[PDB]
Every structure is written in structure tokens, then in C-alpha cells.
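Before any comments, here is the structure.
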Amino acid sequence: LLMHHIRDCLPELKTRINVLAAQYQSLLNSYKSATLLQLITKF
Amino acid sequence: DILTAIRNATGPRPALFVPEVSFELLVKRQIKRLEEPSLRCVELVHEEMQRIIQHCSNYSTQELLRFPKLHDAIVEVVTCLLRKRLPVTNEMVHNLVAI
């Protein structure tokens, strides 16, 4: 019975977790010799 | 900024025509400002899809409520698929913009 009562609100927690994970993934989109050569060429 | 661009276009020697390099750089910079709307639209669409999926699972599948394990598995699979597809969609949008 206690678990059934808990399940009444678990979907909301799952949705919140999914939204947070999606936001975190979205934030991840944008945040030596080759680099030196590129810098020299740019200069 | 306009005065600086004009001075660069004029150059050391006398000249009046504006080199196309400055115009190309300015237009590219202006166009680059259009990236954020695309990301915002993608995020809004993803959130709307997640809300639709949650509503369908909770309401449109009342029978599925009798098997919470299956519901959890379906939700996890859908979330994994969306996470996998998100970078592909972002790369496609970036390629389309760069084209």
C-alpha cells in the first residue's frame, strides 16, 4: 500500500528528471602541434 | 565600428572602393546571430515532445498503468532515443546553416 501511494507521484518525479537530463544534455552542445600550426597560420 | 571599417577599407594608399572582405565578414557575423533561435526552437520542440509522450503514457495508456515496469522501460527507451537523436539534429542544423 505504501509503494502504491508512492507511485501516485513517481511519474512527476520521472518527468522532472527527464526534463533536467534533457536540459543538461542541451547545455553540453556548446560551452598540440595542430593547434600551434593553426595559431601560426591565423597570425 | 563603422569608422574603423571605413579606415580599414581605405588602407594606407588612397582608395575609395570598399573591399568585399569587410562586407563578407560583417554579413557572416550578422548571420551568426541566427544560431540561438534555432537552438531555442529545438529545445522547445524537444520539451513539447517530452510533454506529449508523458501525457500519452499517463492518460492515453491507462491500461499500461497496470504494468509499471513496461511503462518505465518504454520511457527509458524513448528518452535514450531522443538523447541519441538530439546531437544528430543539432549537427544537421549546423550543416544546413553553414551551407
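Listed values, structure above:
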| read-out | value |
| --- | --- |
| Whole-Å distance, taken between Cα centres, linking the range A:3-38 and the range B:37-73 | 15 |
| Total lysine pairs under 27 Å (Cα atoms) in the protein assembly as shown, excluding pairs fewer than 8 apart on one chain | 7 |
| Debye, to nearest 20: dipole size of the protein assembly as shown, +1 on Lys, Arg Cβ, -1 on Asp, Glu Cβ | 460 |
| Highest-first arrangement of B:16-29, A:16-29, where packing means the average Cβ count within 10 Å | A:16-29, B:16-29 |
| Pairwise label distance in nanometres, residue B:4 with residue A:9, each label 7 Å out on the Cα-Cβ vector | 5.6 |
| Shape category assigned to the range B:43-90 from the gyration tensor of Cα positions, a/c cut at 1.5 | oblate |
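Values quoted throughout were computed directly from the atomic coordinates according to the rules given, and no laboratory measurement underlies them. We place every Cβ from the backbone using ideal geometry, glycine too, and count neighbours over all the protein chains shown.
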